[PDB]
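Asks: What follows is the file coords_34.pdb, containing PDB, C-alpha atoms and all ligand atoms:
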ATOM      1  CA  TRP L   1      31.003 -27.208 139.356
ATOM      2  CA  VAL L   2      32.590 -30.268 141.133
ATOM      3  CA  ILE L   3      31.715 -33.204 143.420
ATOM      4  CA  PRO L   4      33.040 -31.824 146.792
TER
ATOM      5  CA  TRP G   1      50.251 -18.719 151.149
ATOM      6  CA  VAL G   2      51.128 -18.478 147.379
ATOM      7  CA  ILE G   3      52.432 -16.032 144.746
ATOM      8  CA  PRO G   4      49.094 -15.109 143.002
TER
ATOM      9  CA  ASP J   6      51.726  -5.780 142.940
ATOM     10  CA  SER J   7      54.129  -7.924 145.067
ATOM     11  CA  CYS J   8      51.287  -9.303 147.317
ATOM     12  CA  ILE J   9      51.161 -12.865 148.742
ATOM     13  CA  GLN J  10      47.756 -14.628 148.841
ATOM     14  CA  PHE J  11      46.131 -16.960 151.388
ATOM     15  CA  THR J  12      44.400 -19.624 149.231
ATOM     16  CA  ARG J  13      41.740 -20.619 151.847
ATOM     17  CA  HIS J  14      40.845 -17.011 152.924
ATOM     18  CA  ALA J  15      37.659 -16.551 150.790
ATOM     19  CA  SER J  16      36.325 -20.017 151.829
ATOM     20  CA  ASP J  17      37.111 -19.296 155.541
ATOM     21  CA  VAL J  18      35.312 -15.899 155.328
ATOM     22  CA  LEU J  19      32.176 -17.517 153.817
ATOM     23  CA  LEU J  20      32.265 -20.355 156.411
ATOM     24  CA  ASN J  21      32.273 -17.666 159.178
ATOM     25  CA  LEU J  22      29.469 -15.671 157.527
ATOM     26  CA  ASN J  23      27.421 -18.935 157.456
ATOM     27  CA  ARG J  24      28.179 -19.452 161.214
ATOM     28  CA  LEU J  25      26.857 -15.915 161.886
ATOM     29  CA  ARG J  26      23.742 -16.789 159.831
ATOM     30  CA  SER J  27      23.165 -20.071 161.819
ATOM     31  CA  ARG J  28      23.355 -18.142 165.157
ATOM     32  CA  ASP J  29      21.283 -15.232 163.719
ATOM     33  CA  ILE J  30      24.142 -12.737 164.381
ATOM     34  CA  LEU J  31      23.936  -9.306 162.658
ATOM     35  CA  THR J  32      21.271 -10.541 160.177
ATOM     36  CA  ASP J  33      19.532  -7.357 158.970
ATOM     37  CA  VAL J  34      16.707  -8.500 156.691
ATOM     38  CA  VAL J  35      13.871 -11.046 156.527
ATOM     39  CA  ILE J  36      13.051 -12.504 153.073
ATOM     40  CA  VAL J  37       9.385 -13.557 152.937
ATOM     41  CA  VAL J  38       8.541 -16.412 150.504
ATOM     42  CA  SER J  39       4.788 -17.162 150.874
ATOM     43  CA  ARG J  40       4.249 -18.482 154.495
ATOM     44  CA  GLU J  41       8.025 -18.857 155.134
ATOM     45  CA  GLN J  42      10.568 -16.331 156.493
ATOM     46  CA  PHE J  43      14.383 -16.426 155.965
ATOM     47  CA  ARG J  44      16.778 -14.216 157.930
ATOM     48  CA  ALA J  45      19.989 -13.146 156.133
ATOM     49  CA  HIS J  46      22.742 -10.534 155.684
ATOM     50  CA  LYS J  47      21.891  -7.944 152.965
ATOM     51  CA  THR J  48      25.584  -7.837 151.858
ATOM     52  CA  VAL J  49      25.751 -11.621 151.261
ATOM     53  CA  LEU J  50      22.451 -11.569 149.321
ATOM     54  CA  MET J  51      23.784  -8.682 147.113
ATOM     55  CA  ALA J  52      27.122 -10.468 146.547
ATOM     56  CA  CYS J  53      25.253 -13.621 145.255
ATOM     57  CA  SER J  54      22.143 -12.326 143.434
ATOM     58  CA  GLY J  55      21.607  -9.725 140.730
ATOM     59  CA  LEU J  56      18.051  -9.201 142.064
ATOM     60  CA  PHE J  57      19.163  -8.485 145.682
ATOM     61  CA  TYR J  58      22.011  -6.307 144.368
ATOM     62  CA  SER J  59      19.388  -4.153 142.521
ATOM     63  CA  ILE J  60      17.029  -4.137 145.592
ATOM     64  CA  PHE J  61      19.522  -3.088 148.260
ATOM     65  CA  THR J  62      21.228  -0.412 146.075
ATOM     66  CA  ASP J  63      17.819   1.286 145.654
ATOM     67  CA  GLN J  64      17.726   4.443 147.879
ATOM     68  CA  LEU J  65      14.306   3.449 149.383
ATOM     69  CA  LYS J  66      14.505  -0.378 149.493
ATOM     70  CA  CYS J  67      18.049  -0.367 151.022
ATOM     71  CA  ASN J  68      16.306   0.624 154.339
ATOM     72  CA  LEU J  69      13.645  -2.110 154.375
ATOM     73  CA  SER J  70      13.957  -4.846 157.047
ATOM     74  CA  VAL J  71      11.401  -7.087 155.187
ATOM     75  CA  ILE J  72      11.432  -8.067 151.477
ATOM     76  CA  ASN J  73       8.482  -9.987 149.973
ATOM     77  CA  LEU J  74       9.287 -12.198 146.994
ATOM     78  CA  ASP J  75       6.901 -12.901 144.068
ATOM     79  CA  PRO J  76       4.176 -15.423 145.207
ATOM     80  CA  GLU J  77       5.218 -17.836 142.388
ATOM     81  CA  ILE J  78       8.541 -18.424 144.238
ATOM     82  CA  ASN J  79       8.827 -21.777 145.983
ATOM     83  CA  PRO J  80      10.134 -21.566 149.626
ATOM     84  CA  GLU J  81      12.143 -24.825 149.261
ATOM     85  CA  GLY J  82      13.868 -23.549 146.064
ATOM     86  CA  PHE J  83      14.687 -20.298 147.910
ATOM     87  CA  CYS J  84      16.029 -22.230 150.955
ATOM     88  CA  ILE J  85      18.341 -24.356 148.674
ATOM     89  CA  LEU J  86      19.646 -21.186 146.998
ATOM     90  CA  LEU J  87      20.128 -19.346 150.326
ATOM     91  CA  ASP J  88      22.166 -22.348 151.546
ATOM     92  CA  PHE J  89      24.244 -22.198 148.290
ATOM     93  CA  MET J  90      24.939 -18.449 148.798
ATOM     94  CA  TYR J  91      26.462 -19.122 152.248
ATOM     95  CA  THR J  92      28.253 -22.379 151.436
ATOM     96  CA  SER J  93      29.009 -22.749 147.639
ATOM     97  CA  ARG J  94      27.109 -26.129 147.859
ATOM     98  CA  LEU J  95      23.960 -26.648 145.818
ATOM     99  CA  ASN J  96      21.518 -29.430 146.819
ATOM    100  CA  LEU J  97      20.292 -30.134 143.260
ATOM    101  CA  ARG J  98      17.905 -33.129 142.971
ATOM    102  CA  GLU J  99      15.496 -34.472 140.295
ATOM    103  CA  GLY J 100      12.565 -33.488 142.570
ATOM    104  CA  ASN J 101      13.717 -29.878 143.103
ATOM    105  CA  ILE J 102      15.641 -28.915 139.884
ATOM    106  CA  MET J 103      12.693 -27.120 138.219
ATOM    107  CA  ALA J 104      11.930 -24.990 141.352
ATOM    108  CA  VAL J 105      15.657 -24.282 141.932
ATOM    109  CA  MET J 106      16.182 -23.157 138.279
ATOM    110  CA  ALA J 107      13.027 -20.930 138.323
ATOM    111  CA  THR J 108      14.157 -19.370 141.653
ATOM    112  CA  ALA J 109      17.772 -18.824 140.350
ATOM    113  CA  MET J 110      16.401 -17.121 137.188
ATOM    114  CA  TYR J 111      14.241 -14.776 139.340
ATOM    115  CA  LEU J 112      17.176 -14.095 141.743
ATOM    116  CA  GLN J 113      19.594 -13.575 138.791
ATOM    117  CA  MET J 114      22.132 -16.254 139.868
ATOM    118  CA  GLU J 115      23.705 -16.985 136.456
ATOM    119  CA  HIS J 116      26.038 -19.882 137.425
ATOM    120  CA  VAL J 117      23.174 -21.793 139.146
ATOM    121  CA  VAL J 118      20.860 -21.238 136.104
ATOM    122  CA  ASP J 119      23.696 -22.594 133.858
ATOM    123  CA  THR J 120      24.242 -25.869 135.842
ATOM    124  CA  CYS J 121      20.433 -26.445 136.082
ATOM    125  CA  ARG J 122      20.080 -26.050 132.285
ATOM    126  CA  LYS J 123      22.963 -28.573 131.763
ATOM    127  CA  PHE J 124      21.531 -31.142 134.253
ATOM    128  CA  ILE J 125      18.061 -30.832 132.605
ATOM    129  CA  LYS J 126      19.550 -31.233 129.057
ATOM    130  CA  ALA J 127      21.339 -34.466 130.187
ATOM    131  CA  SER J 128      18.044 -36.092 131.376
ATOM    132  CA  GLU J 129      16.000 -35.360 128.166
TER
ATOM    133  CA  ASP N   6      25.013 -34.983 151.216
ATOM    134  CA  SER N   7      24.727 -35.260 147.378
ATOM    135  CA  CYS N   8      25.488 -31.499 146.812
ATOM    136  CA  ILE N   9      27.501 -30.096 143.860
ATOM    137  CA  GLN N  10      29.915 -27.200 144.563
ATOM    138  CA  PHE N  11      30.853 -24.082 142.571
ATOM    139  CA  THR N  12      34.650 -23.782 143.056
ATOM    140  CA  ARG N  13      34.855 -19.977 142.427
ATOM    141  CA  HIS N  14      31.771 -19.034 144.567
ATOM    142  CA  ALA N  15      33.617 -17.961 147.786
ATOM    143  CA  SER N  16      36.159 -15.878 145.770
ATOM    144  CA  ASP N  17      33.320 -14.250 143.718
ATOM    145  CA  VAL N  18      31.398 -13.390 146.941
ATOM    146  CA  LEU N  19      34.492 -11.724 148.487
ATOM    147  CA  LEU N  20      35.238  -9.842 145.217
ATOM    148  CA  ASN N  21      31.648  -8.433 145.347
ATOM    149  CA  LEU N  22      31.920  -7.532 149.046
ATOM    150  CA  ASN N  23      35.145  -5.614 148.165
ATOM    151  CA  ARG N  24      33.246  -3.791 145.329
ATOM    152  CA  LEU N  25      30.578  -2.764 147.885
ATOM    153  CA  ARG N  26      33.387  -1.540 150.188
ATOM    154  CA  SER N  27      35.023   0.530 147.343
ATOM    155  CA  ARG N  28      31.649   2.244 146.580
ATOM    156  CA  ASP N  29      30.861   2.606 150.333
ATOM    157  CA  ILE N  30      27.644   0.521 149.960
ATOM    158  CA  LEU N  31      26.001  -0.797 153.177
ATOM    159  CA  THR N  32      29.176  -0.144 155.247
ATOM    160  CA  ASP N  33      27.942   0.073 158.859
ATOM    161  CA  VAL N  34      30.986   0.965 160.960
ATOM    162  CA  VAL N  35      33.964   3.349 161.010
ATOM    163  CA  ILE N  36      37.243   1.995 162.476
ATOM    164  CA  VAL N  37      39.321   4.864 163.895
ATOM    165  CA  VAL N  38      43.128   4.329 163.931
ATOM    166  CA  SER N  39      44.725   7.545 165.306
ATOM    167  CA  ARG N  40      43.942  10.377 162.753
ATOM    168  CA  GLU N  41      42.656   7.904 160.101
ATOM    169  CA  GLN N  42      39.137   6.495 159.531
ATOM    170  CA  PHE N  43      38.259   3.230 157.683
ATOM    171  CA  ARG N  44      34.701   2.350 156.659
ATOM    172  CA  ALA N  45      33.812  -1.376 156.578
ATOM    173  CA  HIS N  46      31.146  -4.087 156.956
ATOM    174  CA  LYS N  47      30.907  -5.430 160.557
ATOM    175  CA  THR N  48      30.229  -8.986 159.226
ATOM    176  CA  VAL N  49      33.422  -9.047 157.104
ATOM    177  CA  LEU N  50      35.513  -7.716 160.022
ATOM    178  CA  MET N  51      34.057 -10.462 162.330
ATOM    179  CA  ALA N  52      34.660 -13.184 159.708
ATOM    180  CA  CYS N  53      38.408 -12.181 159.481
ATOM    181  CA  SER N  54      39.413 -11.068 163.005
ATOM    182  CA  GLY N  55      39.055 -12.646 166.431
ATOM    183  CA  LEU N  56      39.077  -9.127 167.956
ATOM    184  CA  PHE N  57      36.188  -7.810 165.776
ATOM    185  CA  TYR N  58      34.298 -11.084 166.315
ATOM    186  CA  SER N  59      34.495 -10.464 170.124
ATOM    187  CA  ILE N  60      33.573  -6.725 169.707
ATOM    188  CA  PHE N  61      30.495  -7.107 167.511
ATOM    189  CA  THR N  62      29.068 -10.101 169.471
ATOM    190  CA  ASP N  63      29.094  -7.929 172.628
ATOM    191  CA  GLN N  64      25.473  -6.836 173.409
ATOM    192  CA  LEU N  65      26.531  -3.140 173.815
ATOM    193  CA  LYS N  66      29.361  -2.779 171.255
ATOM    194  CA  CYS N  67      27.366  -4.562 168.473
ATOM    195  CA  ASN N  68      25.356  -1.259 168.191
ATOM    196  CA  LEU N  69      28.312   1.137 167.917
ATOM    197  CA  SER N  70      28.865   2.885 164.545
ATOM    198  CA  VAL N  71      32.441   3.958 165.579
ATOM    199  CA  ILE N  72      35.213   1.731 167.021
ATOM    200  CA  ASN N  73      38.476   3.293 168.274
ATOM    201  CA  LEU N  74      41.548   1.068 168.116
ATOM    202  CA  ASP N  75      44.463   1.166 170.613
ATOM    203  CA  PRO N  76      46.675   4.275 169.890
ATOM    204  CA  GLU N  77      49.739   1.992 169.388
ATOM    205  CA  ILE N  78      48.103   0.650 166.173
ATOM    206  CA  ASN N  79      49.646   1.910 162.949
ATOM    207  CA  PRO N  80      47.070   3.151 160.333
ATOM    208  CA  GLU N  81      49.133   1.752 157.404
ATOM    209  CA  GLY N  82      49.332  -1.725 159.044
ATOM    210  CA  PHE N  83      45.548  -1.584 159.596
ATOM    211  CA  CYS N  84      44.941  -0.493 155.957
ATOM    212  CA  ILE N  85      47.077  -3.455 154.640
ATOM    213  CA  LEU N  86      45.120  -5.880 156.844
ATOM    214  CA  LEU N  87      41.725  -4.387 155.871
ATOM    215  CA  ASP N  88      42.715  -4.849 152.203
ATOM    216  CA  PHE N  89      43.702  -8.505 152.980
ATOM    217  CA  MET N  90      40.303  -9.162 154.658
ATOM    218  CA  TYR N  91      38.445  -8.104 151.480
ATOM    219  CA  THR N  92      40.821  -9.614 148.921
ATOM    220  CA  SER N  93      42.934 -12.527 150.398
ATOM    221  CA  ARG N  94      46.042 -10.528 149.201
ATOM    222  CA  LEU N  95      48.581  -9.311 151.736
ATOM    223  CA  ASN N  96      50.975  -6.475 150.772
ATOM    224  CA  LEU N  97      53.861  -7.669 152.989
ATOM    225  CA  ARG N  98      57.107  -5.657 152.583
ATOM    226  CA  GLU N  99      60.388  -5.312 154.554
ATOM    227  CA  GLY N 100      59.338  -1.743 155.499
ATOM    228  CA  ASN N 101      55.885  -2.721 156.827
ATOM    229  CA  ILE N 102      56.274  -6.329 158.176
ATOM    230  CA  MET N 103      56.755  -5.302 161.836
ATOM    231  CA  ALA N 104      53.648  -3.004 161.833
ATOM    232  CA  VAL N 105      51.573  -5.602 159.917
ATOM    233  CA  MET N 106      52.528  -8.421 162.373
ATOM    234  CA  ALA N 107      51.810  -6.217 165.461
ATOM    235  CA  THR N 108      48.420  -5.191 163.960
ATOM    236  CA  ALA N 109      47.535  -8.860 163.054
ATOM    237  CA  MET N 110      48.392  -9.975 166.633
ATOM    238  CA  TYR N 111      46.108  -7.236 168.075
ATOM    239  CA  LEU N 112      43.316  -8.081 165.556
ATOM    240  CA  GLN N 113      43.741 -11.853 166.209
ATOM    241  CA  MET N 114      44.397 -12.828 162.548
ATOM    242  CA  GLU N 115      46.313 -16.088 163.138
ATOM    243  CA  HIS N 116      47.263 -16.947 159.514
ATOM    244  CA  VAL N 117      48.729 -13.437 158.922
ATOM    245  CA  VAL N 118      50.713 -13.615 162.231
ATOM    246  CA  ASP N 119      52.066 -17.050 161.090
ATOM    247  CA  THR N 120      53.334 -15.850 157.639
ATOM    248  CA  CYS N 121      54.885 -12.692 159.225
ATOM    249  CA  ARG N 122      56.769 -14.837 161.784
ATOM    250  CA  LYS N 123      58.065 -17.095 158.925
ATOM    251  CA  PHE N 124      59.155 -14.134 156.713
ATOM    252  CA  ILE N 125      60.942 -12.521 159.721
ATOM    253  CA  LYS N 126      62.705 -15.840 160.638
ATOM    254  CA  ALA N 127      64.004 -16.138 157.011
ATOM    255  CA  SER N 128      65.680 -12.661 157.131
ATOM    256  CA  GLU N 129      67.532 -13.174 160.497
TER
HETATM  257  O1  LIG Y 201      24.581 -13.984 138.735
HETATM  258  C1  LIG Y 201      24.805 -12.936 139.338
HETATM  259  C2  LIG Y 201      25.429 -12.791 140.711
HETATM  260  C3  LIG Y 201      25.478 -11.304 140.912
HETATM  261  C4  LIG Y 201      25.936 -10.521 141.966
HETATM  262  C5  LIG Y 201      25.845  -9.128 141.881
HETATM  263  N1  LIG Y 201      26.499  -8.406 142.901
HETATM  264  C6  LIG Y 201      27.344  -7.346 142.787
HETATM  265  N2  LIG Y 201      27.794  -7.045 141.555
HETATM  266  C7  LIG Y 201      28.661  -6.052 141.464
HETATM  267 CL1  LIG Y 201      29.227  -5.722 139.855
HETATM  268  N3  LIG Y 201      29.172  -5.286 142.411
HETATM  269  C8  LIG Y 201      28.741  -5.585 143.643
HETATM  270  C9  LIG Y 201      27.836  -6.605 143.881
HETATM  271 BR1  LIG Y 201      27.314  -6.982 145.651
HETATM  272  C10 LIG Y 201      25.361  -8.534 140.709
HETATM  273  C11 LIG Y 201      24.898  -9.312 139.654
HETATM  274  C12 LIG Y 201      24.949 -10.697 139.777
HETATM  275  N4  LIG Y 201      24.549 -11.685 138.869
HETATM  276  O1  LIG Y 202      42.466 -15.692 163.261
HETATM  277  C1  LIG Y 202      41.255 -15.610 163.457
HETATM  278  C2  LIG Y 202      40.191 -15.252 162.440
HETATM  279  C3  LIG Y 202      38.917 -15.337 163.230
HETATM  280  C4  LIG Y 202      37.588 -15.123 162.881
HETATM  281  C5  LIG Y 202      36.588 -15.269 163.848
HETATM  282  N1  LIG Y 202      35.261 -15.221 163.372
HETATM  283  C6  LIG Y 202      34.231 -16.069 163.636
HETATM  284  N2  LIG Y 202      34.524 -17.221 164.267
HETATM  285  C7  LIG Y 202      33.525 -18.063 164.464
HETATM  286 CL1  LIG Y 202      33.965 -19.544 165.260
HETATM  287  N3  LIG Y 202      32.251 -17.955 164.135
HETATM  288  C8  LIG Y 202      31.950 -16.818 163.496
HETATM  289  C9  LIG Y 202      32.901 -15.852 163.220
HETATM  290 BR1  LIG Y 202      32.396 -14.299 162.281
HETATM  291  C10 LIG Y 202      36.926 -15.696 165.138
HETATM  292  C11 LIG Y 202      38.254 -15.907 165.494
HETATM  293  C12 LIG Y 202      39.240 -15.708 164.532
HETATM  294  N4  LIG Y 202      40.629 -15.851 164.641
HETATM  295 CL    CL Y 203      25.354 -18.168 140.900
HETATM  296 CL    CL Y 204      44.264 -14.448 159.017
END
Would you mind writing the structure in this file as structure tokens?
Ligand SMILES: O=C1Cc2cc(Nc3nc(Cl)ncc3Br)ccc2N1
Ligand SMILES: O=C1Cc2cc(Nc3nc(Cl)ncc3Br)ccc2N1
Ligand SMILES: [Cl-]
Ligand SMILES: [Cl-]

Replies:
Amino acid sequence: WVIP
Amino acid sequence: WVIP
Amino acid sequence: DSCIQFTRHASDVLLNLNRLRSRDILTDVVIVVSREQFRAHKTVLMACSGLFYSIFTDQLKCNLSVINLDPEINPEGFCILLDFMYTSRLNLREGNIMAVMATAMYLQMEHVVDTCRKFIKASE
Amino acid sequence: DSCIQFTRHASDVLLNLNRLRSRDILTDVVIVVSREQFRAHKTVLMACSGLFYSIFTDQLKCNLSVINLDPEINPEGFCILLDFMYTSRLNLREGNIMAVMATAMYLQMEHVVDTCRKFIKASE
């Protein structure tokens, strides 16, 4: 999971 | 396009 | 093999499937969550959820145009997860994390359940 | 927004759609290319090809279970492109590049046409  |  | 690969292809496909969803094109099922209704593509639901995969591979349920979810399921949690299926983006907030995690457990969306468990563990 | 994103989601969705294709699950159209037949999902074809997008948004053709392609289309070129749609991998070879490029132009698959043109320009 990432900060888009 | 890339070499997978 | 000696194939070449287009890096953005999978993302571009999903973006187009979401555009078809937004315009209600070739949607073939209604998911009923209490008083709310959500139109979707059976194939996308199966590709994202272990529960929908099991439902639409059943010889009788594969032909249903309406699927009713368990009454304990929260329509907002379902909406957030349906958006995630079509976009890869999850709108996870303090106010919705419990409903989203409960809905992802029911839908059998393992990666969502995992991030919810981690975000909850960080706040305790 | 304040969304989080699962990097591998789009790739995982496409991998599952390809698994449904391989087991012939919920395929809803046959594409006829001369003597050959190819089963597929209308939504995936629309998401990958400007030609299929135009075909399945037409109020009459959206309901067809069989689509016949132009007789000039090569079944092997179509097969290679159908594989690319479901996998992001393109099996481009000296022996098939002309048929693949002609098929991608007909199907309106701009990124494939672009790499074919570049590979051809390098060999001249
Ligand atoms: O957390 C998750 C997400 C998910 C998706 C599917 N979907 C499919 N799985 C397989 Cl093996 N083939 C085709 C399809 Br469509 C099955 C289980 C799960 N569990
Ligand atoms: O080279 C390409 C690939 C492609 C795909 C689509 N598909 C869609 N386009 C739009 Cl804007 N909305 C929903 C869908 Br499905 C249209 C044109 C093209 N040209
Ligand atoms: Cl997931
Ligand atoms: Cl393309």

Asks: For region 60-62 of chain N, work out the shell of residues within 9 Å, counting only C-alpha atoms and skipping chain neighbours fewer than 3 positions away, then give it as a list in words.

Replies: residues 30 and 31 of chain J; 47, 48, 51, 55, 56, 57, 65, 66, 67, 68 and 69 of chain N

Asks: Identify, counting all atoms listed in the file, the protein, DNA and RNA residues located within 6 Å of ligand LIG 202 (chain Y), and give them as an NGL selection string.

Replies: (:J and (21-22 or 24-25)) or (:N and (51-55 or 58 or 113-115))

Asks: For ligand CL 203 (chain Y), collect every residue having any atom at a distance of at most 10 Å from a ligand atom (counting only C-alpha atoms and all ligand atoms); output as a ChimeraX atom specification.

Replies: /J:52-55,86,89-90,93,95,109-110,112-120 /N:11,13-14,17-18

Asks: Care to translate the PyMOL selection byres (((chain L and resi 3) around 9) and not hetatm) into actual residues of this file, as a list in words?

Replies: residues 1, 2 and 4 of chain L; 7, 8, 9 and 10 of chain N

Asks: Can you work out the spacing between CA of residue 71 (chain J) and CA of residue 37 (chain J) in Å, to one decimal?

Replies: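 The value is 7.1 Å.
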
Asks: Applying the PyMOL selection byres (((chain N and resi 78) around 8) and not hetatm) to the file I just gave you, which residues come out? Please list them as a PyMOL selection string.

Replies: chain N and resi 38-39+74-77+79-80+82-83+104+107-108

Asks: Please determine, counting only C-alpha atoms, which residue among J:85, J:45, J:127, J:16 has the shortest atom-to-atom distance to residue 29 (chain J).

Replies: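 The shortest atom-to-atom distance to residue 29 (chain J) comes from J:45.
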
Asks: Using the file's own x, y and z axes, what box holds all listed atoms of ligand LIG 201 (chain Y) with 3 Å on each side, keeping edges along x, y and z, and what are its centre and edge lengths in Å to one decimal, as JSON?

Replies:
{"center_x": 26.9, "center_y": -9.6, "center_z": 142.2, "size_x": 10.7, "size_y": 14.7, "size_z": 12.9}

Asks: Report, in Å to a single decimal, how far apart CA of residue 88 (chain J) and CA of residue 23 (chain N) are.

Replies: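 Interatomic distance here is 21.4 Å.
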
Asks: Rounded to one decimal in Å, what is the spacing between CA of residue 26 (chain N) and CA of residue 87 (chain N)?

Replies: 10.5 Å

Asks: Expanded to explicit residues, what is the PyMOL selection byres (((chain J and resi 99) around 10) and not hetatm) for this file, as a ChimeraX atom specification?

Replies: /J:97-98,100-103,124-125,128

Asks: Which residue out of J:36, J:6, J:12, J:28 has the minimum interatomic distance to ligand CL 204 (chain Y) when only C-alpha atoms and all ligand atoms are used?

Replies: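 Among the listed residues, the smallest separation from ligand CL 204 (chain Y) belongs to J:12.
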